[PDB]
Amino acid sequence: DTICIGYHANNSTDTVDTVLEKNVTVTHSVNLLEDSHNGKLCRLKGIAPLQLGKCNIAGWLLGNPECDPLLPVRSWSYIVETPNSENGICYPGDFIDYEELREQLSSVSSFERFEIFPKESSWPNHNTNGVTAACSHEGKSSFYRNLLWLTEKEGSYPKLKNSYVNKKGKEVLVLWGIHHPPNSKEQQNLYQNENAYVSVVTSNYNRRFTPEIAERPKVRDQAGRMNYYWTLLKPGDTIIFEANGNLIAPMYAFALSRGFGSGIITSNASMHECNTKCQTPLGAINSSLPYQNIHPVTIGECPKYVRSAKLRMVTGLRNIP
């Protein structure tokens, strides 16, 4: 009569690594590294993203006419830019503090596009019909949908002065532009004054702009330049615009709501009727594993990104059948 002590074995071919030995075949093991995604853009915690399509952030905010107009009010969980966004700024110039504005938008969860200065009520003594071939639409010259190119009316450019009081209960993002003609002949033609200035003031913003006229290399067939500026108008505060030339006046502003966990990503994936807790630019992740090796950019509740190819913990024994 005999009795023996032994241990389990099976047909498992799973391998793990140790400090002393590699390629150890084990009876049971657990994978800790998520490497699978669905390859689609999904809703995040029940909220769909804001897809800018052909526009980048700059094109959407200024209202580039080559992009499909969005609904007046949108709420989202993250913002998607396409890698080949051809539609951005169409009239050449500098977007001042553009990257800071992008960082601000990373914590915004909703916007309302509203008319801050109505087109046919705010500038009775100025021409508002200015368009350019740089911002074309359907083969015709056009302009930004959210801005208005003010020029002289009947040979005169009266000193304008307009203000808006923020009664939305949320921050209001106001954008405007300053035009710099390439020569003094055009400056007098458009604005009738050579020593023109633009003033924009709020309770915490105070800046004065002056045109700087010179011949410049052609960018998008324009020797002129347009500089773009923005500010966040606090609830209950007033913004005042004063100018006697070169002002690219605001027409539409954005009332912004603040949220958590949002961000901006670049992806060529397509939106699908799916829901996820974790979204990467390559696709969505459905996993409870602690690590992933899919992409370092993540939105939502996600596993930690690591460079590893394999992370397997043995639970069973060395397998010796």
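Residue numbers run from 1 along the displayed sequence.
- Higher mean CA temperature factor, per the PDB entry, when comparing 120-128 with 71-79: 120-128.
- For the two regions 241-249 and 134-142, the entry's Cα B-factors average higher over 134-142.
- Of the candidates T210, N166, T231, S107, the PDB record gives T210 the highest C-alpha temperature factor.
- Per the deposited record, the Cα B-factor of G263 falls in the middle third when ranked against the other modelled residues of its chain.
- Annotation for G224: C-alpha temperature factor in the lowest third relative to the rest of the modelled chain, per the entry.
- Among the modelled residues of its chain, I299 has a C-alpha B-factor that falls in the middle third according to the deposited record.
- The deposited CA B-factor of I89 belongs to the highest third of values across its chain.
- Remark: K277 belongs to the lowest third of its chain, ranked by C-alpha B-factor as recorded.
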